[PDB]
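K.L.:
Dropping in the first section of the assembly, placed as in the complex:
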Amino acid sequence: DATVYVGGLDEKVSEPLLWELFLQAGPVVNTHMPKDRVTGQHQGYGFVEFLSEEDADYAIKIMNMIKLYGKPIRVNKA
Amino acid sequence: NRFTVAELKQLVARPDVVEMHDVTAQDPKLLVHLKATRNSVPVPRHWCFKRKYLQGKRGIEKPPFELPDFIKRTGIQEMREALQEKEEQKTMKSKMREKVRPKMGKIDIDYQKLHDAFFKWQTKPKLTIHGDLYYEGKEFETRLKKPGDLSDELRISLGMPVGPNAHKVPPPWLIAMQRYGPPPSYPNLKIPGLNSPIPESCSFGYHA
């Protein structure tokens, strides 16, 4: 309930960059970025787990108009 | 005789320093008291490995040398590179002919410039505390941000110029913060345009 799925991100974005971008709406407790270990590139999706479900819902509701590297990043509940 | 980790965590006042390997030692209480001390240093993580802390960075790329500013501000590195480039082009005959009658004055830069760089232009290095140990992945883990501030790389990636006017310098996600309200995870966070003055708070965020 406290985890939000962020998609539509480019492969050039980093996990400290995503943690700094997610810190503008609330402190993120954990950030998981699934990436292939054979190629060393991200899959364009990540999971941000906050400290509560209401803060995660407020972060997912305020990230509907975020643009990174020209691509719109979508936030959904997970 | 050997208790589990739950009894060692419940008996000790600091269960965060209790590990799984400390329960099968000869003194769990003494190890829990020594590991949770004030000025104690933890054990290295290479004690349970099988590579002797030197077989991990085999094929990884590494720089040859990181010269400081005081050594590079004397012109000795460029002269050494020029001497290495000139000596690599000489054959065995040019190396044998220069041993009987050498040519003096190789670089001959200065005499007091090295003393001025080592005494007047001396810069202190970036040291660390004694509690911070060293590991194999310590040289690559450099990720170890604040609410209300944005970096230059994040502003270049998101396309948001940081300026003193609060018209476009806040991100376009502030409209949702104005329509819905302040974030519940930070009640002390102040953003310009909603609960802070726009020409005064030019940092686009304040934790008060």
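P.N.:
All right, it came through fine. Numbering: from 1, shown residues only, chains lettered A, B, ... in the order given.
K.L.:
Just the strands from chain B, written as ranges.
P.N.:
Under the criterion DSSP state E, chain B contains strands at B:189-190, B:206-207.
K.L.:
Quick one: the strands in chain A, in order.
P.N.:
In chain A, the segments counted as strands under DSSP E are A:3-7, A:28-32, A:35-36, A:41-42, A:45-50, A:66-68, A:71-77.
K.L.:
Nearest to residue B:183, out of these?
P.N.:
Smallest distance to residue B:183 across these (Cβ to Cβ): 10.3 Å, for strand A:45-50. In this view, the C-beta of every residue, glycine as well, is placed from N, C-alpha and C.
K.L.:
Please identify the buried residues of that closest one?
P.N.:
Buried positions in strand A:45-50, judged by neighbour count with 16 or more other Cβ atoms under 10 Å in any protein chain shown: A:46, A:48, A:50.
K.L.:
now check it, is it near chain B?
P.N.:
Yes. Using Cβ under 8 Å from any Cβ of the partner chain, strand A:45-50 reaches chain B at residue A:50.
K.L.:
Now do that strand against strand A:3-7, angle only.
P.N.:
Going by axes from the mean of the first three to the mean of the last three Cα atoms, to 10 degrees, strand A:45-50 is angled at 150 degrees with respect to strand A:3-7.
K.L.:
quick revisit: would you tell me which of the strands of chain A gets closest to residue B:154?
P.N.:
Comparing those against residue B:154 with Cβ to Cβ, the closest turns out to be strand A:66-68 (8.9 Å).
K.L.:
chain center to the closest one, what's the gap?
P.N.:
A distance of 11 Å separates the centroid of the chain from that of strand A:66-68, by Cα atoms, centre = their mean, to the nearest Å.
K.L.:
Counting by contacts, list what it packs against.
P.N.:
Counting contacts by 3 or more Cβ pairs under 8 Å, 6 or more residues apart in numbering or on different chains; DSSP states H and E, strand A:66-68 packs against strand A:71-77, helix B:152-158.
K.L.:
Can you lay out those as a markdown table showing mean neighbour count?
P.N.:
Below are the helices and strands packed on strand A:66-68 laid out as a markdown table (neighbours: other Cβ atoms under 10 Å in any protein chain shown):
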| stretch | mean neighbour count |
| --- | --- |
| strand A:71-77 | 16 |
| helix B:152-158 | 15 |
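K.L.:
with the structure above as the base, add chain C:
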Amino acid sequence: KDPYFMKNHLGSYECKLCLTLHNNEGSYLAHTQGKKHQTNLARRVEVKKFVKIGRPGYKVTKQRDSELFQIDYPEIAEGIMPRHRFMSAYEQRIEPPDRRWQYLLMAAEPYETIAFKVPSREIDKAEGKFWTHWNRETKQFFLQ
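P.N.:
That brings us to chain C, laid onto the chains above:
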């Protein structure tokens, strides 16, 4: 041309395929033949510019319905239907003050766009395939 042999920072050779080290040059050339090396090798714009604009005088017939605009347009002699779209008053050629309403504009290729301001928030749908029609036999455009 072996893409696995590289030079380290200590004057040695490194095989990144098997992740092995070699001191001299004679040990790197002899490391390619073997069992472990063989196992590692086997395991691994034009339509907008050409659009003529003469801007004719359009005549719309608005009517308040209850449960709809009827735009009279001349013959275009083409298959391109006139499209309607709802936009905001924030973008304009002169940008007048106090512009905080929306405008639904219908546009065609040989004719000029006719726009009507809607002070209400939502009373209908401005979709093209939902509640619009264009009779080419009488050349009449309707939208409700």
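K.L.:
Chain C added, so what about what packs on strand A:66-68 now?
P.N.:
So strand A:66-68, by 3+ Cβ pairs under 8 Å, 6+ apart, packs with strand A:71-77, helix B:152-158.
K.L.:
In CSV: those, plus distance to chain C.
P.N.:
Formatted as CSV, the helices and strands packed on strand A:66-68 follow (distance: least, Cβ to the nearest Cβ, whole Å):
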stretch, distance to chain C
strand A:71-77, 20
helix B:152-158, 22
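K.L.:
Out of those, flag the one nearest residue B:105.
P.N.:
helix B:152-158 (47.3 Å).
K.L.:
so how far is residue B:50 from the closest residue to chain C within chain B?
P.N.:
In chain B, the residue that lies nearest chain C is residue B:59 (4.3 Å; Cβ to the nearest Cβ). Distance, residue B:59 to residue B:50, using Cβ to Cβ, to the nearest Å: 18 Å.
K.L.:
Give me the more crowded residue out of those two.
P.N.:
residue B:59 (16 against 6; other Cβ atoms under 10 Å in any protein chain shown).
K.L.:
out of everything not next to it in sequence, what's closest to the more buried one?
P.N.:
Excluding its sequence neighbours, the residue lying closest to residue B:59 (Cβ to Cβ, 6 or more residues apart in numbering or on different chains) is residue C:16, at 4.3 Å.
K.L.:
Tell me how many other residues surround the one you found.
P.N.:
Residues within reach of residue C:16, counting by other Cβ under 10 Å, total 14.
K.L.:
nearest residue to residue C:92 other than its sequence neighbours?
P.N.:
Counting by Cβ to Cβ, 6+ apart, residue C:99 is the residue found nearest to residue C:92 once chain neighbours are left out, at 7.0 Å.
K.L.:
Next, the contact list for the one you found, please.
P.N.:
By Cβ atoms under 8 Å, 6 or more residues apart in numbering or on different chains, the contact set of residue C:99 is C:89, C:90, C:92.
K.L.:
now with 10 Å?
P.N.:
C:88, C:89, C:90, C:91, C:92, C:117 (Cβ atoms under 10 Å, 6 or more residues apart in numbering or on different chains).
K.L.:
Going by neighbour count, list what's buried in the lengthiest helix in chain B.
P.N.:
Ranked by residue count, the top helix of chain B under DSSP state H comes out as helix B:76-87. Within helix B:76-87, the residues that count as buried by 16+ other Cβ under 10 Å are residue B:76.
K.L.:
Mind giving me the packing neighbours of it?
P.N.:
In terms of contacts (3 or more Cβ pairs under 10 Å, 6 or more residues apart in numbering or on different chains; DSSP states H and E), helix B:76-87 is packed against helix B:113-119.
K.L.:
could you also fit chain D onto it:
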Amino acid sequence: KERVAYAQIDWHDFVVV
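P.N.:
Chain D now in position relative to the chains above:
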């Protein structure tokens, strides 16, 4: 063709009659 013609029309020439 209708989607190509709708995405290339001028949406700034507004006229209220």
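K.L.:
Revisit the contacts of residue C:99 given that chain D is now included?
P.N.:
By Cβ under 10 Å, 6+ apart, the neighbours of residue C:99 are C:88, C:89, C:90, C:91, C:92, C:117.
K.L.:
Which two among these are spaced furthest apart?
P.N.:
Greatest spatial distance among those (Cβ to Cβ): C:91 and C:117, at 14.3 Å.
K.L.:
In the sheet, which residues pair with the nearest residue to residue C:115 once chain neighbours are set aside? Tell me.
P.N.:
Using Cβ to Cβ, 6+ apart and skipping the chain neighbours, the partner closest in space to residue C:115 is residue C:105 (3.8 Å). Beta-bridge pairing of residue C:105 under DSSP bridges involves residue C:85, residue C:115.
K.L.:
For residue C:105, grab the count of nearby residues.
P.N.:
So residue C:105, with other Cβ under 10 Å, has 24 neighbours.
K.L.:
got the contact list for the residue of chain D at minimum distance from chain A?
P.N.:
Nearest to chain A, among the residues of chain D, is residue D:7, at 18.4 Å (Cβ to the nearest Cβ). Counting by Cβ under 10 Å, 6+ apart, residue D:7 touches C:47, C:48, C:83.
K.L.:
Most neighbours among the residues you listed, which one?
P.N.:
In those, the most neighbours by other Cβ under 10 Å go to residue C:83, 21 neighbours.
K.L.:
show me what contacts that residue?
P.N.:
Here residue C:83 is in contact with C:105-109, C:113, C:128, C:132, C:134, C:141, D:2-3, D:5-7, D:9 (Cβ under 10 Å, 6+ apart).
K.L.:
what's the answer for residue A:73, then?
P.N.:
A:6-10, A:13, A:18, A:21, A:44, A:46, A:63-67, B:158.
K.L.:
how close does the residue of chain C found nearest chain A get to residue C:17?
P.N.:
Nearest to chain A, among the residues of chain C, is residue C:44, at 10.3 Å (Cβ to the nearest Cβ). Residue C:44 sits 7 Å away from residue C:17, going by Cβ to Cβ.
K.L.:
what sits in contact with each of the two?
P.N.:
Common contact partners of residue C:44 and residue C:17 (Cβ under 10 Å, 6+ apart): residue C:4.
K.L.:
Specify which residue of these two has the higher count of neighbours.
P.N.:
Between residue C:44 and residue C:17, residue C:17 has the larger neighbour count (other Cβ under 10 Å), namely 19 against 7.
K.L.:
Right, I'll call it a day here.
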